[PDB]
């Protein structure tokens, strides 16, 4: 089977810049190469076919070129809406194998996270569990660290984190952190804190509550 080796695997570009992705085929595939774009939460769309032809309705900023084993795909001026995974495919012989993809991320101005903390819901406490939730929303760049403290002591066991894909509309990231205890352990302590460390501030962002006090 023909191998399509796609590079780079990741791209971080500012809006307005030019990007070029490369696909190298393990043997010649004539001009039988297609390029696809897959935005977050959507199915792939065909952009380029027969190596260098734009598919119907594809805007001018997308082009492809190449023949034989060497192929490139270019966005002349990247737009924020172009955030997506891009991948090549050869259609010369079966199996019609895909490249491994390139994830295109957009550079934007720094943004500090908006942090909110939530004690366990009484509905969950009735069932014997206790999850504390911290949302860290609309920040940039993506690298961020969250620390949980219980009565001042760092807690790592029981923490589950999830991250959104970069937003195509504001180019930010968001994150959710959930600390799950038993109701019994939760009631053994009074102060719960989520601390966010991010390049925008020298100081951590600290959100806290006390079970008994406001």
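Positions refer to the first chain, counted from 1.
The mean Cα B-factor in the deposited entry runs higher for 101-109 than for the other of 101-109 and 82-90. 11-19 and 190-198 differ in mean CA B-factor, and the higher of the two is recorded for 11-19. Of the candidates 65, 38, 27, 177, it is 27 whose Cα B-factor is highest according to the PDB record.
Ranked by Cα temperature factor within the chain, residue 131 sits in the middle third according to the deposited record. Ranked by Cα temperature factor within the chain, residue 119 sits in the lowest third according to the deposited record. When the modelled residues of the chain are ordered by C-alpha B-factor, residue 57 sits in the highest third.
Ranked against the other modelled residues of its chain, the C-alpha B-factor of residue 43 as given in the entry falls in the lowest third.
The deposited CA B-factor of residue 171 belongs to the highest third of values across its chain.
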